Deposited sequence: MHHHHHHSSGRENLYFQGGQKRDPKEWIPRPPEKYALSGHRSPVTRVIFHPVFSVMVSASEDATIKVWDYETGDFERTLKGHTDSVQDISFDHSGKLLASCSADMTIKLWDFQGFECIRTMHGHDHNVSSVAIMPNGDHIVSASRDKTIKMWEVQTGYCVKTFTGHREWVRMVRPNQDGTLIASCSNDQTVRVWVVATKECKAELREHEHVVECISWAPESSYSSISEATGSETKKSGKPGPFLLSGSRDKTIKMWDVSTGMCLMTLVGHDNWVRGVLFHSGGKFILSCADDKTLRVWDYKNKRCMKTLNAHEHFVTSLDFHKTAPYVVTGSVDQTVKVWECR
C-alpha cells in the first residue's frame, strides 16, 4: 500500500460533464468519487464499477472546488456564481447557500473538525464560515491578488493559500496571523498540499516535531517543497512542460503525485528529486487529481470533460 503507483491504461474514463472538470475527490468511506465542472454541476460516480450515480444541480456558474467533511455526510462546493453551497450527501439536497465573497470563489475546504468551511476568492480574501449557520465568522486579508486555493493542515490550526500574487501564505486560524509568506515562485501559484505525517521520515532522509511541510505548484512549471517552520524551500521538482495544476503526497508518504496543463499525471521519487513515471493522462489539461488514502486508486479530471480512474500497483 505504501509503494503502489498509478499504471496506464486508465481503468475508467467517465463522460457526462458538458464542460471542463475542475476538481475530483474521493469520498472518505464509500466507493464513490465526486467531480465538479464548469458546466455548473457536481457528479457522483462509483470508482470501483464506473457507474454514474447522480448530478447535484443548483450553482448558476462554474463549480470550482468541492470538499467532504470528516463524516462524508456533508459536501461543500464553491462557484463562479460567488457562492459556497453545503449539500446533504445522504439526501443529495442543498442545505444552504453562503453569500459574502465579491468575486469567483476558486477554493473551498471543510475544516477537519467539521464545524467550519474555509474559502478563497478572486476578491483577494479567504473566508471562514460556520457550517451550522452559513455566517462568515472570519476574513483573512493580505494576499495582493486572486487567492486560487486554500487548504487546512491535519488538525485545522493552520491554513495554506496560494495566489496570482506569486506567493504561498500560511495563516494561524485562531489569530489570523500570517505565519509564513513563501515567495520563491516568480509566477502565479496554482496549488498547494500539506505533507502527511507518513512523509516526515522520507523528507528527513531527502534533506539529511519537524515541519510542518507544504507543496506548491506554479505556472513556472515547478513543484516546491517548503518547511513552514523555517520558511525555506527544501527542493524544486522540475519536469512538467506546462502549468502545474494539482499536487499531493502518496498516503504512504514516499512519493509525490502531480498533474498539469501538459496533459500528464506524474509520480515523483522526491528523495531522488526526480520524476519516476509520466502518464499521458488526458487529451487536454489535467486540472485536478486525488489519491485514495487506503484503496489502490488515483482519480484525475480534465478540460477534456472526463474523469479518469487509475489503478495503482
Discussion item. Ranges lacking C-alpha coordinates, please, mapped onto the deposited sequence and listed in sequence order.
Written reply: 1-23, 232-238
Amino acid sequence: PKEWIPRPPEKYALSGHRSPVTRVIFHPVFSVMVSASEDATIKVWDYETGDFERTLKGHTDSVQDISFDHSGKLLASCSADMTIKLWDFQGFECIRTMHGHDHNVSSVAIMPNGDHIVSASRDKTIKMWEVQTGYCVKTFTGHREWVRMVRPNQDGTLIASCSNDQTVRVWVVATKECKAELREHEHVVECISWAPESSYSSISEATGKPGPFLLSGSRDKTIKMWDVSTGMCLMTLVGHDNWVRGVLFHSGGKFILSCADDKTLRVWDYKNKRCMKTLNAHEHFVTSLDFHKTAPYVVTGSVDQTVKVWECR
From here on, numbers count along this sequence of modelled residues.
Worksheet entry | Comparing 164-172 with 179-187, the one whose average Cα B-factor in the PDB entry is higher | 179-187
Worksheet item: Out of 91-99 and 236-244, which one has CA B-factors that are higher on average in the deposited record?
Response: 91-99
Worksheet, complete the sentence: Top Cα B-factor in this entry, restricted to 106, 202, 153, 216, sits on 202
Worksheet item: Whose CA atom has the top B-factor in the entry, of 193, 119, 139, 222?
Response: 139
Practice prompt. Going by the recorded CA B-factors, say which third of the chain residue 272 sits in, lowest, middle or highest.
Written response: highest
Worksheet, complete the sentence: Temperature factor at the Cα of residue 80, chain-ranked in thirds, falls in the middle
Practice prompt. Sorting the chain's modelled residues by C-alpha B-factor, tell me whether residue 67 ends up in the lowest, middle or highest third.
Written response: lowest
Worksheet item: Sorting the chain's CA B-factors, does residue 43 end up in the lowest, middle or highest third?
Response: lowest
Discussion item. By the recorded C-alpha temperature factor, relative to the other modelled residues in its chain, which third is residue 209 in?
Written reply: highest
